[PDB]
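Fold and contact review
This is what each chain is made of:
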Amino acid sequence: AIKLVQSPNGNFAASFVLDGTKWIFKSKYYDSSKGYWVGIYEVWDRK
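Residues numbered from 1 in each chain as written, not as in the entry; some residues may be left out. Heavy atoms only, no water.

Structure determination for the deposited model, as stated in its record, used solution NMR.

Rendered as structure tokens:
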């Protein structure tokens, strides 16, 4: 299941494996109205 994430570093995690499940990119953008990256992700966890 996806997560929704926001942070200034925009850390591109690409993909991972956790709890016998695979995890991967979906979308990100820079939200200039707030000055951080925002995304729809199935791996990034704000780190």
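**A few points about the pairing of strand β4 (residues 36-42)**
On a regular strand, one side chain projects to one face of the sheet and the next to the other, so that they alternate. Here five bridges tie strand β1 (residues 3-7) to β4, and the two strands are oriented antiparallel to one another. Its bridge partner lying in β4, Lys3 is registered against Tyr41. Of the pairings in the sheet, the one linking strand β3 (residues 21-31) to β4 comprises six bridges and is antiparallel in character. Across the sheet, residue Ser27 finds its bridge partner in β4, namely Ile40. What sits between the antiparallel neighbours β3 and β4 is a turn of four residues, in which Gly35 has the positive phi angle 75 degrees. (Pairing = 2+ DSSP bridges. Helix = DSSP H or I, 4+ residues; strand = E, 2+ residues; numbered from the N terminus.)

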